[PDB]
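The block underneath contains the structure these notes are about, expressed in structure tokens.
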2 protein chains.
Amino acid sequence: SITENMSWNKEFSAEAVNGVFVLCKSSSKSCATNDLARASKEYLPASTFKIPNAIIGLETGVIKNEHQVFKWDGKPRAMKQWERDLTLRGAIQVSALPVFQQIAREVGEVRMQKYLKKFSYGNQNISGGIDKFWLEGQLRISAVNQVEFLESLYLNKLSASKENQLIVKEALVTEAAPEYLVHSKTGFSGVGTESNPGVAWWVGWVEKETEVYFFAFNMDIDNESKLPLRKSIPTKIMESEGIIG
Amino acid sequence: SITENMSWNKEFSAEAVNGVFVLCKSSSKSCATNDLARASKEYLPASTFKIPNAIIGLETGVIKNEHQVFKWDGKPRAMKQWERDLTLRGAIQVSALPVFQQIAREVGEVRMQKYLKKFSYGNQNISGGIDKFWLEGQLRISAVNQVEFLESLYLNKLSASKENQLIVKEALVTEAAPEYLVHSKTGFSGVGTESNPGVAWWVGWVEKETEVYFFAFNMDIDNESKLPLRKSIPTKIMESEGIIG
Ligand SMILES: *C(=O)[C@@H]([C@@H]1NC(C(=O)O)=C(S[C@@H]2CN[C@H](C(=O)N(C)C)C2)[C@@H]1C)[C@@H](C)O
Ligand SMILES: *C(=O)[C@@H]([C@@H]1NC(C(=O)O)=C(S[C@@H]2CN[C@H](C(=O)N(C)C)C2)[C@@H]1C)[C@@H](C)O
């Protein structure tokens with residue numbers, strides 16, 4: 001089940017943020033959130049979709065192996081951070097959209113649709129273009145669904161080889177310590193339109209000693225100056241819960 | 001092929017220390033070292049053996065899976081950092097000797113001996129006690145051999161499932177950034193005499209952007225105060241190579 005902790009809304013009100021944090025100890029059957037209504041509301045996954053897309057890319061053979069280098073041959077890209085050769089992990093961690101847009105094209109509608117059904121990934125709507133359905137198309141996923149999906153990944157229970165799940169998991173390590181390990185992925189759909197804000201994400205899980213905590217955060221956003229809030233608000237909530245001080 | 005870099009002896013000489021650093025770019029077919037003769041000399045692996053031990057424990061089912069918890073029975077251990085339940089990653093990173101002595105016994109000699117031949121691990125001599133051959137027994141391995149073994153692990157080419165090579169690899173992650181990942185493990189056999197000295201190790205590999213560097217360091221320890229040099233000497237060489245930063 002899931003519990004509503006209204007105390008957590010303090011971290012949101014202090015910054016006038018409309019968002020939701022979902023936090024789960026040990027498993028998906030012991031979770032809490034600041035907002036039950038928004039916890040199950042479905043939003044564009046934006047770059048958080050690079051997690052399933054990479055798994056599907058390895059499954060289908062589009063990504064030959066974990067050692068494949070995605071070369072940059074000089075085609076101008078929307079951010080200089082993407083204008084370089086990238087590993088699979090690098091492409092994920094810098095959110096190299098063009099790399100994963102080409103992966104999407106090579107996977108194709110049929111295989112993409114099949115794996116999203118197998119992963120129970122959101123509304124499973126890939127309309128809007130095979131290389132943009134997760135960013136400006138019709139794909140939507142809730143914070144609870146992200147936690148469920150990531151828990152499956154952590155347990156190697158996605159319908160894919162354990163090998164490929166493990167490959168993507170190390171690619172998601174963002175903080176490493178002897179008894180403290182974080183897998184996570186951020187997302188940002190843009191600033192949105194007039195009275196249609198964008199969405200920003202932070203999702204992943206934390207392994208502290210022999211315990212695990214899955215989490216998913218999203219917020220409405222209409223300016224890039226608010227991006228750091230997608231990390232600081234959830235980090236403060238987790239710090240409050242003793243998930244490392 | 002291995003190249004000698006005489007300039008890399010600066011720090012060794014200034015501290016009056018006998019040791020070797022082996023550093024390889026892309027593959028073990030492009031290695032350089034400060035001392036060609038010592039690069040091939042074999043030494044007690046000490047805790048660096050936890051890497052092969054961890055893999056063998058998984059291959060044989062002694063370690064159930066990536067989520068195995070090693071319980072602390074509450075009776076005293078030599079170090080308070082070990083008096084707790086630990087993941088496989090935790091066991092490796094805090095170098096929990098008693099956990100890996102128990103692993104070895106369950107593996108047994110027939111299978112340990114088998115896998116050390118499969119891995120081409122040093123002189124493959126596990127005399128000295130099934131739970132101590134790598135600490136005070138007859139097992140010996142060279143810096144060159146460590147690099148070869150670690151390269152095989154990086155490539156998933158060891159005679160073991162890719163599954164378990166991937167499990168142990170994430171367990172070895174020590175530093176993480178979007179385009180910089182480090183797998184490494186230290187080891188130290190204890191202070192010896194000026195004539196029969198101990199050995200201190202640093203081994204691992206650095207993934208920087210799309211490049212990979214394999215390294216193995218060891219040094220003779222006949223005074224406990226020289227042990228910090230096991231990190232600073234190789235760190236200085238890798239800084240001068242432009243790998244760090
Ligand atoms: C994914 O959602 C988009 C890209 N991935 C990320 C992300 O969520 O980290 C963004 S946000 C980009 C990262 N560095 C920039 C920054 O920090 N400032 C401008 C302050 C913003 C990308 C937009 C995908 C749609 O490209
Ligand atoms: C395994 O080899 C033993 C541990 N390995 C290490 C080591 O290589 O560092 C030590 S020494 C202890 C832990 N790290 C500290 C250090 O490096 N400095 C203080 C400089 C000291 C152990 C002996 C395991 C069998 O205990």
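By order in the structure tokens, chains are A, B, ...; within a chain, residues start at 1; ligands start at 1, following the order shown.
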Within 12 Å of segment 63-80 of chain B, counting only C-alpha atoms, which residues show up once you throw out same-chain ones fewer than 6 positions away? Write them as a short mmCIF file (atom, residue, chain, number, x, y, z; two decimals) with N, CA and C atoms, in the first residue's frame, please.
data_model
loop_
_atom_site.label_atom_id
_atom_site.label_comp_id
_atom_site.auth_asym_id
_atom_site.auth_seq_id
_atom_site.Cartn_x
_atom_site.Cartn_y
_atom_site.Cartn_z
N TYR A 154 15.84 -3.32 -10.53
CA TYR A 154 16.72 -3.64 -9.42
C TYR A 154 16.72 -5.13 -9.12
N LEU A 155 15.54 -5.75 -9.13
CA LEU A 155 15.41 -7.17 -8.86
C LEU A 155 15.72 -8.05 -10.06
N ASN A 156 16.04 -7.45 -11.21
CA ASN A 156 16.28 -8.20 -12.45
C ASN A 156 15.03 -8.91 -12.93
N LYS A 162 18.99 -10.89 -17.62
CA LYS A 162 19.63 -10.30 -16.44
C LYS A 162 20.88 -9.53 -16.85
N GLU A 163 21.63 -10.07 -17.81
CA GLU A 163 22.84 -9.42 -18.30
C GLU A 163 22.57 -7.98 -18.73
N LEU A 166 21.63 -5.73 -15.83
CA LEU A 166 22.83 -5.39 -15.08
C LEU A 166 23.65 -4.33 -15.80
N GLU A 207 20.81 2.29 -2.21
CA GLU A 207 21.21 1.11 -1.46
C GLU A 207 22.12 1.57 -0.33
N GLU A 209 23.75 0.28 3.23
CA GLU A 209 23.99 -0.96 3.96
C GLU A 209 23.20 -2.07 3.27
N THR A 210 22.35 -2.80 4.00
CA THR A 210 21.58 -3.88 3.40
C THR A 210 20.13 -3.50 3.13
N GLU A 211 19.80 -2.22 3.15
CA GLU A 211 18.46 -1.74 2.83
C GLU A 211 18.46 -1.06 1.47
N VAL A 212 17.28 -0.99 0.86
CA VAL A 212 17.10 -0.34 -0.44
C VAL A 212 15.88 0.58 -0.37
N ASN B 53 37.66 -14.32 -5.88
CA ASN B 53 36.89 -15.05 -4.88
C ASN B 53 35.40 -14.72 -4.99
N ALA B 54 35.07 -13.44 -5.17
CA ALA B 54 33.67 -13.06 -5.32
C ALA B 54 33.05 -13.71 -6.55
N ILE B 55 33.78 -13.74 -7.66
CA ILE B 55 33.25 -14.34 -8.88
C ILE B 55 33.06 -15.84 -8.69
N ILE B 56 34.06 -16.50 -8.11
CA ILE B 56 33.99 -17.95 -7.90
C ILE B 56 32.85 -18.30 -6.96
N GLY B 57 32.66 -17.49 -5.91
CA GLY B 57 31.55 -17.73 -5.01
C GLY B 57 30.21 -17.70 -5.72
N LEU B 86 26.15 -7.34 5.61
CA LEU B 86 26.79 -6.71 4.47
C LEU B 86 26.30 -7.31 3.16
N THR B 87 26.14 -6.45 2.16
CA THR B 87 25.97 -6.90 0.79
C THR B 87 27.30 -7.40 0.24
N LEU B 88 27.25 -8.05 -0.92
CA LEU B 88 28.48 -8.44 -1.59
C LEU B 88 29.34 -7.21 -1.88
N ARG B 89 28.72 -6.14 -2.37
CA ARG B 89 29.45 -4.89 -2.56
C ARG B 89 30.04 -4.40 -1.25
N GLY B 90 29.23 -4.36 -0.19
CA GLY B 90 29.74 -3.95 1.10
C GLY B 90 30.90 -4.81 1.56
N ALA B 91 30.74 -6.13 1.45
CA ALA B 91 31.81 -7.04 1.84
C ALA B 91 33.11 -6.72 1.10
N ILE B 92 33.01 -6.47 -0.21
CA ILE B 92 34.21 -6.20 -0.99
C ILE B 92 34.80 -4.85 -0.61
N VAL B 94 34.50 -2.84 2.10
CA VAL B 94 35.06 -2.71 3.44
C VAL B 94 36.06 -3.84 3.67
N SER B 95 36.31 -4.64 2.64
CA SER B 95 37.31 -5.71 2.68
C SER B 95 37.08 -6.61 3.89
N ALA B 96 35.91 -7.24 3.92
CA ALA B 96 35.49 -8.06 5.05
C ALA B 96 36.12 -9.45 4.91
N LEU B 97 37.37 -9.55 5.35
CA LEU B 97 38.09 -10.83 5.33
C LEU B 97 37.26 -12.00 5.83
N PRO B 98 36.66 -11.97 7.02
CA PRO B 98 35.93 -13.16 7.50
C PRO B 98 34.82 -13.61 6.56
N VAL B 99 34.17 -12.67 5.87
CA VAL B 99 33.13 -13.06 4.92
C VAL B 99 33.72 -13.88 3.79
N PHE B 100 34.90 -13.50 3.31
CA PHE B 100 35.51 -14.17 2.17
C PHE B 100 36.33 -15.39 2.56
N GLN B 102 34.95 -17.47 4.83
CA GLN B 102 33.83 -18.40 4.82
C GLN B 102 33.44 -18.77 3.39
N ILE B 103 33.45 -17.80 2.47
CA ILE B 103 33.14 -18.11 1.08
C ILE B 103 34.10 -19.17 0.55
N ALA B 104 35.39 -19.01 0.82
CA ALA B 104 36.39 -19.93 0.28
C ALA B 104 36.14 -21.36 0.76
N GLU B 106 33.40 -22.83 1.68
CA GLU B 106 32.25 -23.41 1.00
C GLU B 106 32.58 -23.76 -0.44
N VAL B 107 33.39 -22.94 -1.10
CA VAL B 107 33.84 -23.27 -2.44
C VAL B 107 34.61 -24.58 -2.43
N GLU B 163 26.69 -12.53 -16.44
CA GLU B 163 25.92 -12.19 -15.25
C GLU B 163 26.82 -11.86 -14.06
N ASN B 164 27.66 -12.81 -13.66
CA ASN B 164 28.40 -12.67 -12.42
C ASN B 164 29.61 -11.76 -12.57
N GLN B 165 30.21 -11.71 -13.76
CA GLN B 165 31.23 -10.71 -14.01
C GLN B 165 30.65 -9.31 -13.90
N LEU B 166 29.41 -9.13 -14.37
CA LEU B 166 28.76 -7.83 -14.26
C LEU B 166 28.38 -7.53 -12.82
N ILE B 167 27.98 -8.56 -12.06
CA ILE B 167 27.64 -8.36 -10.66
C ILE B 167 28.85 -7.84 -9.89
N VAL B 168 30.00 -8.50 -10.07
CA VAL B 168 31.19 -8.12 -9.32
C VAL B 168 31.72 -6.77 -9.79
N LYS B 169 31.55 -6.45 -11.08
CA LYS B 169 32.04 -5.18 -11.59
C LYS B 169 31.37 -4.01 -10.88
N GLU B 170 30.03 -3.99 -10.83
CA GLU B 170 29.38 -2.90 -10.12
C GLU B 170 29.81 -2.86 -8.66
N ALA B 171 30.01 -4.03 -8.05
CA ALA B 171 30.50 -4.08 -6.67
C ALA B 171 31.86 -3.41 -6.52
#
*asked:* For ligand 1, return the neighbouring residues as a ChimeraX atom specification (distance at most 7 Å; only C-alpha atoms and all ligand atoms).
replied: /A:46-48,94-97,135,186-190,200-201,224-225
Output the selection as a PDB file, in the first residue's frame - C-alpha atoms for each residue.
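Output (out_1.pdb):
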ATOM      1  CA  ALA A  46      11.379  12.784 -21.149  1.00  0.00           C
ATOM      2  CA  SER A  47      14.939  11.577 -20.591  1.00  0.00           C
ATOM      3  CA  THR A  48      13.923   9.056 -17.933  1.00  0.00           C
ATOM      4  CA  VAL A  94      24.512  13.198 -20.295  1.00  0.00           C
ATOM      5  CA  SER A  95      21.080  12.419 -21.811  1.00  0.00           C
ATOM      6  CA  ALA A  96      22.392  12.417 -25.383  1.00  0.00           C
ATOM      7  CA  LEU A  97      19.006  12.607 -27.116  1.00  0.00           C
ATOM      8  CA  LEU A 135       9.387  13.716 -25.252  1.00  0.00           C
ATOM      9  CA  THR A 186      16.992  12.937 -14.288  1.00  0.00           C
ATOM     10  CA  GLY A 187      14.562  14.284 -16.856  1.00  0.00           C
ATOM     11  CA  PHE A 188      13.367  17.654 -18.113  1.00  0.00           C
ATOM     12  CA  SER A 189      10.754  18.061 -20.842  1.00  0.00           C
ATOM     13  CA  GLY A 190      11.267  21.801 -21.352  1.00  0.00           C
ATOM     14  CA  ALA A 200      11.167  17.636 -14.480  1.00  0.00           C
ATOM     15  CA  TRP A 201      12.094  14.238 -13.047  1.00  0.00           C
ATOM     16  CA  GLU A 224      15.415  26.277 -16.039  1.00  0.00           C
ATOM     17  CA  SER A 225      16.375  28.116 -12.841  1.00  0.00           C
TER      18      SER A 225
END
*Taking the chain letters and numbering used in this document, name the residues of segment 20-190 of chain A that DSSP puts in alpha helix (DSSP H), as an NGL selection string.*
:A and (36-39 or 50-60 or 88-93 or 97-119 or 143-154 or 162-171)
Output C-alpha atoms for every residue in the selection just made, as a PDB file, in the first residue's frame.
ATOM      1  CA  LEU A  36      -1.701  10.624  -3.596  1.00  0.00           C
ATOM      2  CA  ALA A  37      -3.503  12.272  -6.520  1.00  0.00           C
ATOM      3  CA  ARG A  38      -0.321  13.325  -8.326  1.00  0.00           C
ATOM      4  CA  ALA A  39       1.605  10.167  -7.391  1.00  0.00           C
ATOM      5  CA  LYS A  50      16.464   6.360 -21.743  1.00  0.00           C
ATOM      6  CA  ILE A  51      16.334   3.610 -19.101  1.00  0.00           C
ATOM      7  CA  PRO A  52      13.802   1.392 -20.923  1.00  0.00           C
ATOM      8  CA  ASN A  53      15.136   2.526 -24.314  1.00  0.00           C
ATOM      9  CA  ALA A  54      18.645   1.323 -23.443  1.00  0.00           C
ATOM     10  CA  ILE A  55      17.368  -2.014 -22.110  1.00  0.00           C
ATOM     11  CA  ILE A  56      15.268  -2.478 -25.249  1.00  0.00           C
ATOM     12  CA  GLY A  57      18.228  -1.424 -27.377  1.00  0.00           C
ATOM     13  CA  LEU A  58      20.421  -4.119 -25.855  1.00  0.00           C
ATOM     14  CA  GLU A  59      17.624  -6.703 -25.966  1.00  0.00           C
ATOM     15  CA  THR A  60      16.940  -6.190 -29.679  1.00  0.00           C
ATOM     16  CA  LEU A  88      26.360   3.733 -23.377  1.00  0.00           C
ATOM     17  CA  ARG A  89      26.682   4.965 -19.787  1.00  0.00           C
ATOM     18  CA  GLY A  90      27.886   8.360 -20.991  1.00  0.00           C
ATOM     19  CA  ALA A  91      25.017   8.726 -23.449  1.00  0.00           C
ATOM     20  CA  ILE A  92      22.575   7.950 -20.632  1.00  0.00           C
ATOM     21  CA  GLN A  93      24.211  10.157 -18.010  1.00  0.00           C
ATOM     22  CA  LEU A  97      19.006  12.607 -27.116  1.00  0.00           C
ATOM     23  CA  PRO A  98      20.236  12.078 -30.717  1.00  0.00           C
ATOM     24  CA  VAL A  99      21.984   8.847 -29.682  1.00  0.00           C
ATOM     25  CA  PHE A 100      18.744   7.412 -28.296  1.00  0.00           C
ATOM     26  CA  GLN A 101      16.605   8.816 -31.109  1.00  0.00           C
ATOM     27  CA  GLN A 102      18.647   6.712 -33.540  1.00  0.00           C
ATOM     28  CA  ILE A 103      18.332   3.729 -31.196  1.00  0.00           C
ATOM     29  CA  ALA A 104      14.559   4.224 -31.159  1.00  0.00           C
ATOM     30  CA  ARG A 105      14.409   4.290 -34.965  1.00  0.00           C
ATOM     31  CA  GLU A 106      16.381   1.045 -35.248  1.00  0.00           C
ATOM     32  CA  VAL A 107      14.213  -0.676 -32.622  1.00  0.00           C
ATOM     33  CA  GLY A 108      11.049   0.174 -34.544  1.00  0.00           C
ATOM     34  CA  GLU A 109       7.410   0.578 -33.583  1.00  0.00           C
ATOM     35  CA  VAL A 110       6.621  -3.127 -33.216  1.00  0.00           C
ATOM     36  CA  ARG A 111       9.470  -4.018 -30.860  1.00  0.00           C
ATOM     37  CA  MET A 112       9.140  -0.771 -28.897  1.00  0.00           C
ATOM     38  CA  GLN A 113       5.417  -1.397 -28.394  1.00  0.00           C
ATOM     39  CA  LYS A 114       6.038  -5.021 -27.406  1.00  0.00           C
ATOM     40  CA  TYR A 115       8.607  -4.187 -24.734  1.00  0.00           C
ATOM     41  CA  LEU A 116       6.622  -1.310 -23.228  1.00  0.00           C
ATOM     42  CA  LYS A 117       3.699  -3.711 -22.818  1.00  0.00           C
ATOM     43  CA  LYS A 118       6.011  -6.242 -21.178  1.00  0.00           C
ATOM     44  CA  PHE A 119       7.470  -3.571 -18.872  1.00  0.00           C
ATOM     45  CA  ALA A 143       5.868   8.383 -10.312  1.00  0.00           C
ATOM     46  CA  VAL A 144       4.455   5.170  -8.826  1.00  0.00           C
ATOM     47  CA  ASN A 145       4.901   3.402 -12.171  1.00  0.00           C
ATOM     48  CA  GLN A 146       8.530   4.558 -12.318  1.00  0.00           C
ATOM     49  CA  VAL A 147       9.166   3.082  -8.866  1.00  0.00           C
ATOM     50  CA  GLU A 148       7.490  -0.176  -9.900  1.00  0.00           C
ATOM     51  CA  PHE A 149       9.528  -0.259 -13.115  1.00  0.00           C
ATOM     52  CA  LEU A 150      12.789   0.538 -11.311  1.00  0.00           C
ATOM     53  CA  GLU A 151      12.088  -2.031  -8.588  1.00  0.00           C
ATOM     54  CA  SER A 152      11.677  -4.649 -11.319  1.00  0.00           C
ATOM     55  CA  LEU A 153      14.990  -3.506 -12.808  1.00  0.00           C
ATOM     56  CA  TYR A 154      16.724  -3.638  -9.421  1.00  0.00           C
ATOM     57  CA  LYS A 162      19.633 -10.298 -16.445  1.00  0.00           C
ATOM     58  CA  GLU A 163      22.842  -9.422 -18.303  1.00  0.00           C
ATOM     59  CA  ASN A 164      21.235  -6.432 -20.025  1.00  0.00           C
ATOM     60  CA  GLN A 165      19.469  -5.259 -16.869  1.00  0.00           C
ATOM     61  CA  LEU A 166      22.830  -5.387 -15.076  1.00  0.00           C
ATOM     62  CA  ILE A 167      24.512  -3.440 -17.883  1.00  0.00           C
ATOM     63  CA  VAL A 168      21.978  -0.621 -17.608  1.00  0.00           C
ATOM     64  CA  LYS A 169      22.167  -0.627 -13.802  1.00  0.00           C
ATOM     65  CA  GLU A 170      25.903   0.116 -13.649  1.00  0.00           C
ATOM     66  CA  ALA A 171      25.276   2.749 -16.337  1.00  0.00           C
TER      67      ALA A 171
END
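For the set B:83, B:179, B:131, B:136, the residue with the smallest atom-to-atom gap to chain A is B:179, counting only C-alpha atoms.
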